[PDB]
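Notes for the one structure printed next.
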Amino acid sequence: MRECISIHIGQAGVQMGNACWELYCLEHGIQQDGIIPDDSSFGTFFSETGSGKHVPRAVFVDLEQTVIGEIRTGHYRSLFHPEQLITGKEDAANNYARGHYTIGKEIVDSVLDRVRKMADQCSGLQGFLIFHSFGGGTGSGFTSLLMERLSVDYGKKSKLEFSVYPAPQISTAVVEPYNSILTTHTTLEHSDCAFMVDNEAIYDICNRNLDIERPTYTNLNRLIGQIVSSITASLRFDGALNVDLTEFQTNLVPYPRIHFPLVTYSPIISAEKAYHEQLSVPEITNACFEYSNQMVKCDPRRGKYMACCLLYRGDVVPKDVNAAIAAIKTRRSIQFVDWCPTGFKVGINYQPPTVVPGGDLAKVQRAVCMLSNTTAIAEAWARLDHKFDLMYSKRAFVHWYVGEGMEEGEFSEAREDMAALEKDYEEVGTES
Amino acid sequence: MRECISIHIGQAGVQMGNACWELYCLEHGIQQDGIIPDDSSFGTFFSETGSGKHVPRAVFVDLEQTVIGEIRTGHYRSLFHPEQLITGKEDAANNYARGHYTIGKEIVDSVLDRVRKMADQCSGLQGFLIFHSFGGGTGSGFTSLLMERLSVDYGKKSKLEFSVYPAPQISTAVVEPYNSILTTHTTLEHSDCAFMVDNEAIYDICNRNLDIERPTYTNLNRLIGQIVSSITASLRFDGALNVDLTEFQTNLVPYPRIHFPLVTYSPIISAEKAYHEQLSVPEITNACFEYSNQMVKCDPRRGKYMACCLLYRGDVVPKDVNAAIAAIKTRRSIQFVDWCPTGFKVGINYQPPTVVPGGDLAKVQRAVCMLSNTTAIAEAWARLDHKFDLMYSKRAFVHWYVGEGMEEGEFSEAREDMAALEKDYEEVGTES
Amino acid sequence: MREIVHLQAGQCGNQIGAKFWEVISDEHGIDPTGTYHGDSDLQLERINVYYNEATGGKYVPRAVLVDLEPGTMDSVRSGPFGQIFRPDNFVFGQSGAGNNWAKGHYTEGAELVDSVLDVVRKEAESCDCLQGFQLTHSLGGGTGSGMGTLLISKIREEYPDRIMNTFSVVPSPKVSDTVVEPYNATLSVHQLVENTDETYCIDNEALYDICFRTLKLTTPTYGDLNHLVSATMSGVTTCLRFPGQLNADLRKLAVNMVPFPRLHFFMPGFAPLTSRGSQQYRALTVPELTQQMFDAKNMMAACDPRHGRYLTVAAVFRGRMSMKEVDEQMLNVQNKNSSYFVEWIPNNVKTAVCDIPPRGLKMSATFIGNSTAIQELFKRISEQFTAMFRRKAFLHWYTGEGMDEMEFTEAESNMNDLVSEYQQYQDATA
Amino acid sequence: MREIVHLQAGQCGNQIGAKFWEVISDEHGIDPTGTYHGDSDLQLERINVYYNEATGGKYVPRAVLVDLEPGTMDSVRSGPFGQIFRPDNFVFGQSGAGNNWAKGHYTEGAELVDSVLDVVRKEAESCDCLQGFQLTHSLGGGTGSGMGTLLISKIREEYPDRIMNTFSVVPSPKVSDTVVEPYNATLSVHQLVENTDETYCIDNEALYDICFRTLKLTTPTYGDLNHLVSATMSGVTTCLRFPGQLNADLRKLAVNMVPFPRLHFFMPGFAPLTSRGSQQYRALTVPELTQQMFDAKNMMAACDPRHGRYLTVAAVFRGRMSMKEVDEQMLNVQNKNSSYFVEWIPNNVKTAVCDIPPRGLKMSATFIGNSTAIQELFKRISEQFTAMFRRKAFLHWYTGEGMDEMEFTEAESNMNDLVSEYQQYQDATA
Ligand SMILES: Nc1nc2c(ncn2[C@@H]2O[C@H](COP(=O)(O)OP(=O)(O)OP(=O)(O)O)[C@@H](O)[C@H]2O)c(=O)[nH]1
Ligand SMILES: Nc1nc2c(ncn2[C@@H]2O[C@H](COP(=O)(O)OP(=O)(O)OP(=O)(O)O)[C@@H](O)[C@H]2O)c(=O)[nH]1
Ligand SMILES: Nc1nc2c(ncn2[C@@H]2O[C@H](COP(=O)(O)OP(=O)(O)O)[C@@H](O)[C@H]2O)c(=O)[nH]1
Ligand SMILES: Nc1nc2c(ncn2[C@@H]2O[C@H](COP(=O)(O)OP(=O)(O)O)[C@@H](O)[C@H]2O)c(=O)[nH]1
Ligand SMILES: [Mg+2]
């Protein structure tokens, strides 16, 4: 199978990626020095060279020099091609306008050049994985830019992303609703499907299951690394019933706008706690169908599932996966919409996970990642829309935007567009 | 034969269970470290794992962290799955209302989740053994909760329990009658049969037969361990005329409400004292039919037996069991009710008891446990009802309950319900 | 030719079954691995009467083992003799009956009976001429009483013409190993009189009386009582498996031993029975053998034949013997105890002689009797049933599994009629 | 003489293909390097039925492997058995279909189909008498469903006279491994009824039911399910490759098994199937073999034959056998289950016997059936399709690759007619 390009935008995406690429190095046994120790898989995510040093096929962009500087000076400095690390001069300062209109465009073209110079050097190409956040300038405004530009230059190719959605109650910035909605509007028409994640839900899981009292960003971003490696496992490792990258959108996207499947991973168990667990197929399969196991803090029983992919990993029994899924289809609490009787998409790859040195999670012999699309996520959008209406009703932060080349009417258009999305979910939530 | 789930609620049930599970470990030779030393029986009470460490199939709940903390830090810490040990923050304080209405419900759902996650992982399931007391908050109020919840989620499956009934004269709390009656009312409609035991009777036996002057809870709870292992012997060990778990209720429960068979065990003899005894079948069989051998201090000759099970253990002679029982049926002092000529239920398992290291009781080659249901137990209820009338007549403790979300009328309803039970025994005590 | 398919239900049935197949494998000289290792050609001429053949000499007996829970079957499969049986023939549930008839007949046995029929039919189609069905169960239990009566009816519907006989353990007179025996016992008889051709009633107390009285072996475990029962039932089918001077047949006994359709309950008997050591001070000639068949002391039914009257009697002898004595003694027996036999039947004794005696013996006679004294047993069950049912002692365990108390009244009324019918023939002619 | 050219499309087709060629190489005794090392001259007499010959004894099978992306083909080439295939026959794209029918049939499959035809023609011209084409694919997928239907039409146009049969995996009744199976499944049937002569419908759920039920092998990977499918398809072509008493032919089965042109969907079956270890307690004679072919338990199609009625049935036996029983049992089978067969066809069973049994066995029978009960499957797909299409659930992924929703309506309408046609023959004569 063939190549994929990973774009890491903003502090969150850039910081998340460094953890993700640590896994790829471990799985294929690539040295942090870049030189593979003395096979057909790494070609998808790594570029060959005359020497033994493989070059990762990804680009990092961040208007603030600080974040990339840590990578550019960290022990992984030699792994990345120096010209792939694009850095501006000043930060976007959490303002959507700066990262999209004034300073985002001053460096966007340079990023396109390297991607173009990178996409041209792959005999095959699947799509893009874009890592970013919803609550920052570079990770929200610059993302919207690249979705537009990459859509034009490389349209009709898959465009996937993993976005840190604003958590329900915990908040890390004041202008998250303003910046969160804006990027959503511009990215709906130029994206395939977004893999939402919340730090609140992940924190809730980490203190609950993993059983470590004091998590950090350096900890959580690694779990987000596992979902990516499991998602991209088909493109690298052989196994029965593979699932190529272009397959995700077809199964998980009944409608063009409705492309927000929240991520769910299992089993998250610590090394010590695992000795008293059996890890049967239904056990791990059942873990994905409860409020207590989500990367987004949306109560699934509030809504109805409409598409679910169970990308199994490691030594797995297809017979049990077929049987385990069948039971979940016949439980009253679980409720698939009326119009999608065919609501599962199984995928198996014969490569059990690999543990990061010193990693908190255990060495599970078998793993599964669920990518269910549920109408309960409309609550997250509904709550977010409530926040935006409260602030913009008083016009309490617009001035920071109008001064950066963003017209007043944009805010009104976005919410009205989001309001239609709210109704779109409601219509799909019923049966004609 | 297949699985059973043991629930240990309250300080008494939790403390009793730790002694019971010590026997199971010894009988099957399971190490306290959890790893079986380098067969088909332990599957009933123990869950397999990829490693050699078997996980006991039981759940421990106690609103007071102190009791479970001792187990969670004792030498048996590794045996139990960490998530099976459910602990609250504050004690129930001997109040029925707290353990049933205010703080009992704050943690009941978590217990149901683990049982549900545990009942789902057994190909077969027989029922539940619930260990608790009548004179505490967690062991009385939380029990009533689980009887209700487990009845709904797993109705029509056997629900057995071993309850420490309030002793006639020795008392360990002031509000035993208030808390004792309340749990009885709520558990009658959601239970199969209760195996009553009294510390007074057990103490009377221990100083009388076992011949040790200074017994303790750590001592008595072990004898209660023997009755459980003998009762559950059929589900584990092969032998002629087995008696499955669901068989107990049919033989011992002529009527739905009348399901209180008091326990009786024999022979309780010390290691030194045993060398001068022969232990013939009639000898051990005769020991179970006198006032001097009961786990509940009710004089049997006051009432009439209406159902009796003799679950023989070890190398036994079915011919003698048939002959020994016949003689007991033809003694004037012994008096079965007129309407139950068929008043015996024999069961033999080829597994003589095992001795706890340092145990006081001897290494009997043969054992028997009797579970007779007698109308003399109505005296225990009758005496208990007298205590409740005296206190509630003066309304001398209601205030501690009304402040914990328990209405005044509940006390009146319970006694009136108990009064009907008193009359129910009286009607069954005569012949139409 | 006249193949027998064996059915075993309940813990008692499987345990008796398990012993029952050890002896037949011993008689035919079959190795526990399924490989024939006998010494007489007569063992292979009829080895198809019980055993199917798979290539390689592996003889697979056609027994159908059903119990609502894996408890007793797992022991059989783990036992030394358990490898012989076909893995498929074992049928196991996951929740055994709690001794209550309703659960094992209506709610739990129903979910499993269809699975059993799927295998019984395969056995039926594999036999060129399937004679009949044989069932070993117990009335006291739930699985044996419930699913046995549920299954005996189903096989009755499919093959009405074939014989369908049963060996059942019956509640003892003064001891009971289950509290609710009268309910299960009465319910099971109602469903049996209407569907089974013959029933060899046995009870543990009567068989206990044999262990210490005529034999001297205290502490006789169930593993030994079943051997006596095993031997008796193997005698009934001997003529189908070995030559003889006067061959019998499962249908031959039914015709002679059943005057009227409903009165088909027999009570068996076996000889010679003598304790080891003292055996050498007794002779093995026919005369002393015959007297041992017509005394209550050697009856495996608790009811004493003296109190009642004999209707029909069948003696199935084995081994080289004088046919004169095998018929002279019966004539003397009938004249000695003419009062013990009813007058309206001119002759009551049926004789059959086989050539091959039991393994380890040179003489054997499986007595069978159809006496009116059995009415005392059913009358006793009627006495116990009316006492309990007069107060609805345990009806709630039964009505809670899809049953109506109307059925209990129907079974009690039918049982009383069965007792009455036996009584009507106490009187003499005219 | 009657050469077969094998076509495999999609991940399921290649994986079944890969196993499918291992067995045939095993039957003929062909070394993985391509060098014949068998022991029977009958393996070389017909080695040209599947294998071309290059100088030096290197036998190159004439299979055409097509997948829109190198994923599955690369595994085959790297597999232990992958060296046998010709390097040119592999045809690989650079962007696999995302399970959507349109991309693999119109926009991506079109750019690759012409390349495949260039190689299929070379195989066709190399055979003195090319009997027909064989396709192994899956309806659920995009590459197998799309390019298989695209390619089955193209080869149909060039060689209308030749046989063109297919083995396809069909959506399971209650489990689905792809969300959009009904769309791909319905679209693929519409294009197949009009172009293929026969189709052996199989589904994983039914084949799963075999793994644990009759066999006892939990955790059966796809590598084992394909072996069952491999064995069945190799049975259909046996007579073309080895002598027999009553030889069959790909056209022989088509004539007998296809009353009307459209009603050519069959459902296969195989025997003997027994778990290892327990195998020795079962006989291998013809009678028990035949009963195993006419029970739902050994049907590889989820639809249960009992609900419907049989139209035509073909039993292809193998190995030294008694032709009497091979035809006596069919007569008894038809009279036993006369209700299971329609009256308007006087006889329905087709028998064929071959001399060489499967490797490692001395008896084998690949059952084939044409029953009306299959209409339930297509009716089920119709139920799912109308539900999704009633709201345009996923139409935008399809219309975005050069397609119009009018085609979906055409496929649904045609599918309903196919279901109706089967229903019309439920009724009896007159
Ligand atoms: N999971 C995860 N989330 C992060 C990480 N770093 C930041 N976040 C989240 O990202 C959001 C803040 O956005 P950032 O990415 O820091 O901001 P930025 O993209 O650099 O944008 P500006 O600094 O405003 O230009 C908050 O929701 C943070 O919780 C990380 O390493 N992992
Ligand atoms: N047999 C036995 N009885 C016990 C044990 N511990 C307590 N009891 C009895 O249980 C009753 C007291 O109830 P506890 O179990 O201590 O109270 P609790 O269930 O923890 O309820 P609260 O503490 O009020 O929440 C008294 O009758 C004690 O004699 C024990 O280890 N063994
Ligand atoms: N002869 C004999 N009788 C038995 C044996 N085991 C149990 N029984 C009798 O069977 C009756 C109990 O029924 P059981 O078959 O265990 O119950 P079920 O499993 O529900 O049918 C009692 O009358 C026992 O005396 C045995 O091994 N041999
Ligand atoms: N029997 C069998 N079925 C398979 C195998 N692999 C995939 N499938 C089935 O094929 C379907 C998925 O289609 P696939 O061929 O992977 O998609 P495509 O590559 O787009 O044609 C599902 O119904 C799977 O159950 C296999 O190895 N054996
Ligand atoms: Mg930043």
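The chains in the structure tokens are called A, B, ... from first to last as shown; in each chain the residues are counted from 1, and the ligands are counted from 1 in the order shown.
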Taking only C-alpha atoms into account and nothing else, which residues of chain A lie no more than 10 Å away from chain B? Please answer as a VMD selection string.
chain A and resid 209 273 to 280 282 to 283 286 to 287
Output the neighbourhood of ligand 3 as a ChimeraX atom specification, that is, all protein and nucleic acid residues with some atom at most 9 Å from the ligand, counting only C-alpha atoms and all ligand atoms.
/B:240-243,346 /C:9-17,19,67-69,72,96-101,104,137-148,168-172,176-178,181,202-204,207,221-229
Set the cut-off to 6 Å and count only C-alpha atoms: what are the residues of chain C that reach chain B? Output as a PDB file with C-alpha atoms, in the first residue's frame.
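Produced file selection17.pdb, reproduced below:
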ATOM      1  CA  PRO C  70     -23.222 -30.650  32.104  1.00  0.00           C
ATOM      2  CA  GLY C  71     -22.686 -31.972  35.645  1.00  0.00           C
ATOM      3  CA  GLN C  94     -26.601 -24.863  30.812  1.00  0.00           C
ATOM      4  CA  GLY C  98     -34.240 -27.750  40.306  1.00  0.00           C
ATOM      5  CA  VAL C 175     -37.445 -42.679  52.957  1.00  0.00           C
ATOM      6  CA  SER C 176     -37.428 -39.834  50.447  1.00  0.00           C
ATOM      7  CA  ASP C 177     -34.288 -38.238  49.005  1.00  0.00           C
ATOM      8  CA  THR C 178     -36.309 -35.327  47.569  1.00  0.00           C
ATOM      9  CA  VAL C 179     -39.021 -33.339  49.327  1.00  0.00           C
ATOM     10  CA  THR C 219     -21.655 -49.703  52.325  1.00  0.00           C
ATOM     11  CA  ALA C 387     -51.812 -34.436  51.815  1.00  0.00           C
ATOM     12  CA  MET C 388     -49.502 -31.947  50.097  1.00  0.00           C
ATOM     13  CA  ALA C 393     -47.545 -27.158  49.601  1.00  0.00           C
ATOM     14  CA  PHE C 394     -45.189 -26.346  46.703  1.00  0.00           C
TER      15      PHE C 394
END
Selection within 7 Å of ligand 2 by only C-alpha atoms and all ligand atoms, output as a compact mmCIF listing (two decimals) with N, CA, C and O atoms, in the first residue's frame:
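The resulting file, selection.txt, is shown below:
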# COMPACT_ATOMS: atom_id res chain seq x y z
N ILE B 9 -21.54 -7.71 51.15
CA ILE B 9 -22.00 -6.36 51.46
C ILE B 9 -21.86 -6.13 52.96
O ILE B 9 -22.17 -7.01 53.77
N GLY B 10 -21.38 -4.95 53.33
CA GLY B 10 -21.25 -4.58 54.72
C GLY B 10 -20.00 -5.15 55.36
O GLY B 10 -19.28 -5.98 54.79
N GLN B 11 -19.73 -4.69 56.58
CA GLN B 11 -18.54 -5.14 57.30
C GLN B 11 -18.61 -6.64 57.58
O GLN B 11 -17.62 -7.36 57.42
N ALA B 12 -19.78 -7.12 58.02
CA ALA B 12 -19.92 -8.55 58.31
C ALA B 12 -19.72 -9.39 57.05
O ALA B 12 -18.92 -10.32 57.03
N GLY B 13 -20.45 -9.06 55.98
CA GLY B 13 -20.32 -9.83 54.75
C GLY B 13 -18.92 -9.77 54.18
O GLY B 13 -18.37 -10.78 53.73
N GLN B 15 -16.11 -9.11 55.85
CA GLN B 15 -15.19 -9.80 56.73
C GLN B 15 -15.42 -11.31 56.71
O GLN B 15 -14.47 -12.09 56.77
N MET B 16 -16.69 -11.73 56.61
CA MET B 16 -16.98 -13.15 56.49
C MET B 16 -16.40 -13.73 55.21
O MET B 16 -15.83 -14.82 55.21
N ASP B 62 -18.46 -1.85 50.35
CA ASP B 62 -18.58 -1.38 51.73
C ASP B 62 -18.40 0.13 51.74
O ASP B 62 -17.35 0.63 51.32
N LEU B 63 -19.42 0.85 52.21
CA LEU B 63 -19.36 2.30 52.21
C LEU B 63 -18.24 2.84 53.08
O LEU B 63 -17.78 3.97 52.86
N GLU B 64 -17.78 2.07 54.06
CA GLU B 64 -16.66 2.47 54.91
C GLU B 64 -15.37 1.89 54.33
O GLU B 64 -15.24 0.67 54.18
N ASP B 91 -19.20 6.08 56.17
CA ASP B 91 -19.92 4.92 56.63
C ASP B 91 -21.43 5.18 56.63
O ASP B 91 -21.89 6.33 56.59
N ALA B 92 -22.20 4.10 56.67
CA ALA B 92 -23.65 4.20 56.79
C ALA B 92 -24.11 4.47 58.22
O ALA B 92 -25.26 4.85 58.42
N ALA B 93 -23.23 4.27 59.20
CA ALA B 93 -23.50 4.65 60.59
C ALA B 93 -24.69 3.91 61.17
O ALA B 93 -25.50 4.48 61.91
N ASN B 94 -24.82 2.62 60.84
CA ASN B 94 -25.84 1.73 61.36
C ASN B 94 -27.26 2.16 60.99
O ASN B 94 -28.22 1.53 61.44
N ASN B 95 -27.42 3.21 60.19
CA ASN B 95 -28.73 3.72 59.83
C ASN B 95 -29.20 3.06 58.54
O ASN B 95 -28.48 3.09 57.53
N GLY B 99 -27.89 3.74 54.15
CA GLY B 99 -27.43 2.68 53.27
C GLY B 99 -28.42 2.28 52.20
O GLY B 99 -28.10 1.39 51.40
N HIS B 132 -24.09 -10.80 54.26
CA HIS B 132 -24.41 -9.53 54.89
C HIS B 132 -24.85 -9.80 56.32
O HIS B 132 -24.80 -10.94 56.80
N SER B 133 -25.27 -8.75 57.01
CA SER B 133 -25.80 -8.82 58.36
C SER B 133 -27.18 -8.17 58.41
O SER B 133 -27.64 -7.55 57.45
N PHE B 134 -27.84 -8.34 59.56
CA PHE B 134 -29.10 -7.68 59.83
C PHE B 134 -28.96 -6.45 60.71
O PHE B 134 -29.93 -5.70 60.88
N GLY B 135 -27.77 -6.22 61.28
CA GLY B 135 -27.59 -5.17 62.27
C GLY B 135 -26.59 -4.10 61.89
O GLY B 135 -25.81 -3.65 62.73
N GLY B 136 -26.60 -3.69 60.63
CA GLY B 136 -25.73 -2.62 60.17
C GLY B 136 -26.39 -1.87 59.03
O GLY B 136 -27.41 -2.29 58.48
N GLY B 137 -25.79 -0.73 58.68
CA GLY B 137 -26.31 0.08 57.60
C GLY B 137 -26.00 -0.48 56.23
O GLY B 137 -26.92 -0.77 55.45
N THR B 138 -24.71 -0.64 55.92
CA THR B 138 -24.32 -1.15 54.61
C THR B 138 -24.81 -2.58 54.39
O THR B 138 -25.28 -2.92 53.31
N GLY B 139 -24.71 -3.42 55.42
CA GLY B 139 -25.12 -4.80 55.30
C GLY B 139 -26.62 -5.03 55.30
O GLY B 139 -27.06 -6.15 55.05
N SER B 140 -27.40 -3.99 55.57
CA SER B 140 -28.86 -4.09 55.62
C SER B 140 -29.54 -3.22 54.58
O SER B 140 -30.43 -3.69 53.87
N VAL B 164 -26.40 -12.72 59.09
CA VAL B 164 -26.16 -12.79 60.53
C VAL B 164 -27.38 -12.19 61.22
O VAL B 164 -27.52 -10.97 61.31
N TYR B 165 -28.27 -13.05 61.70
CA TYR B 165 -29.50 -12.60 62.32
C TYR B 165 -29.22 -12.04 63.71
O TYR B 165 -28.26 -12.45 64.37
N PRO B 166 -30.02 -11.08 64.19
CA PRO B 166 -29.80 -10.56 65.55
C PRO B 166 -30.00 -11.66 66.58
O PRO B 166 -31.03 -12.34 66.61
N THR B 172 -25.16 -6.10 69.64
CA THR B 172 -23.98 -5.31 69.30
C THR B 172 -24.33 -3.91 68.82
O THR B 172 -23.42 -3.13 68.53
N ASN B 199 -24.53 -15.24 66.11
CA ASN B 199 -23.26 -15.34 66.81
C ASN B 199 -23.44 -15.92 68.21
O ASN B 199 -22.55 -16.63 68.70
N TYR B 217 -14.37 -12.86 66.16
CA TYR B 217 -14.96 -12.80 64.83
C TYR B 217 -14.07 -13.52 63.81
O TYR B 217 -14.57 -14.25 62.95
N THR B 218 -12.76 -13.34 63.91
CA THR B 218 -11.85 -14.04 63.01
C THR B 218 -11.98 -15.55 63.14
O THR B 218 -11.59 -16.28 62.22
N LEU B 220 -15.17 -17.24 64.35
CA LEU B 220 -16.51 -17.70 64.00
C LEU B 220 -16.76 -17.61 62.50
O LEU B 220 -17.37 -18.52 61.92
N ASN B 221 -16.32 -16.53 61.86
CA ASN B 221 -16.61 -16.36 60.44
C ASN B 221 -16.05 -17.52 59.62
O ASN B 221 -16.51 -17.76 58.49
N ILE B 224 -18.66 -20.32 59.52
CA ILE B 224 -19.59 -19.89 58.49
C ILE B 224 -19.00 -20.14 57.11
O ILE B 224 -19.73 -20.32 56.13
Identify every residue of chain C that has at least one atom within 7 Å of any atom of chain D, counting only C-alpha atoms, and report the result as an MDAnalysis selection string.
chainID C and resid 54:55 58 60 86:87
Tell me, as a PyMOL selection string, which residues lie within 9 Å of region 391-400 of chain A, counting only C-alpha atoms; anything in the same chain fewer than 6 positions away does not count.
chain A and resi 95+97+175+177-178+408+411-412
Okay, now the selection with C-alpha atoms, as a PDB file, in the first residue's frame?
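The resulting file, out-v2.pdb, is reproduced below:
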ATOM      1  CA  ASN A  95      -7.228  35.149  16.871  1.00  0.00           C
ATOM      2  CA  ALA A  97      -8.427  36.446  11.679  1.00  0.00           C
ATOM      3  CA  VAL A 175     -12.411  32.991  22.612  1.00  0.00           C
ATOM      4  CA  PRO A 177     -16.443  29.570  20.717  1.00  0.00           C
ATOM      5  CA  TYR A 178     -15.581  32.418  18.335  1.00  0.00           C
ATOM      6  CA  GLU A 408     -18.486  41.856  10.646  1.00  0.00           C
ATOM      7  CA  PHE A 411     -19.789  35.899  12.424  1.00  0.00           C
ATOM      8  CA  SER A 412     -23.481  36.028  11.505  1.00  0.00           C
TER       9      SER A 412
END
As a PyMOL selection string, please: all residues of region 76-253 of chain A that backbone DSSP puts in strand (DSSP E or B).
chain A and resi 85-87+125-133+158-164+193-197
List the spatial neighbours of residue 195 (chain C) as a ChimeraX atom specification - criterion: any atom at most 9 Å away, only C-alpha atoms, same-chain residues fewer than 5 positions off excluded.
/C:149,152-153,156,164
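Residues in contact range of residue 262 (chain A), defined as at most 10 Å between only C-alpha atoms, with sequence neighbours fewer than 5 positions away removed, read residues 162, 163, 165, 193, 194, 195, 196, 197, 198, 294, 295, 296, 297, 298, 308, 370, 371, 372, 373, 374, 376 and 377 of chain A.
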Residue 384 (chain A): which residues within 12 Å, counting only C-alpha atoms, same-chain residues fewer than 2 positions away excluded, as a ChimeraX atom specification?
/A:134,165-169,171,175-182,184,377-382,386-391,415,418-419,422
With only C-alpha atoms as the basis for distance, which of C:273, C:345, C:63, C:314 is at the shortest distance from residue 3 (chain C)?
C:63
Looking only at helix (DSSP H, G or I) from DSSP on the backbone, list the matching residues of region 184-280 of chain D as a VMD selection string.
chain D and resid 184 to 193 204 to 213 222 to 236 250 to 257 278 to 280
Might you pull out every residue within 9 Å of residue 81 (chain C), with only C-alpha atoms counted and same-chain residues fewer than 3 positions away left off, and present them as JSON, numbers by chain?
{"C": [18, 21, 22, 32, 33, 76, 77, 78, 84, 85]}
Can those selected residues be exported to a file as a compact mmCIF listing (two decimals), in the first residue's frame so that it contains N, CA and C atoms?
# COMPACT_ATOMS: atom_id res chain seq x y z
N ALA C 18 -24.41 -45.51 32.35
CA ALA C 18 -22.96 -45.69 32.26
C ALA C 18 -22.56 -47.09 32.70
N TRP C 21 -23.82 -49.84 30.08
CA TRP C 21 -23.04 -50.10 28.88
C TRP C 21 -21.73 -50.81 29.19
N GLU C 22 -21.22 -50.69 30.42
CA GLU C 22 -20.00 -51.41 30.78
C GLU C 22 -20.23 -52.92 30.71
N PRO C 32 -12.71 -50.89 26.07
CA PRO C 32 -13.17 -49.52 26.35
C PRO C 32 -12.87 -48.54 25.22
N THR C 33 -11.83 -48.78 24.43
CA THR C 33 -11.52 -47.91 23.30
C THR C 33 -12.49 -48.09 22.14
N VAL C 76 -19.15 -38.63 33.10
CA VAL C 76 -19.16 -39.80 32.22
C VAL C 76 -18.05 -39.67 31.17
N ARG C 77 -17.94 -38.50 30.54
CA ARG C 77 -16.92 -38.31 29.52
C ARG C 77 -15.52 -38.43 30.11
N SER C 78 -15.34 -38.00 31.36
CA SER C 78 -14.06 -38.12 32.05
C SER C 78 -13.82 -39.51 32.62
N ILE C 84 -15.85 -44.33 24.71
CA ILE C 84 -16.52 -45.16 23.72
C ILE C 84 -17.63 -44.39 23.01
N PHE C 85 -18.34 -43.53 23.75
CA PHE C 85 -19.52 -42.89 23.21
C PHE C 85 -19.16 -41.86 22.13
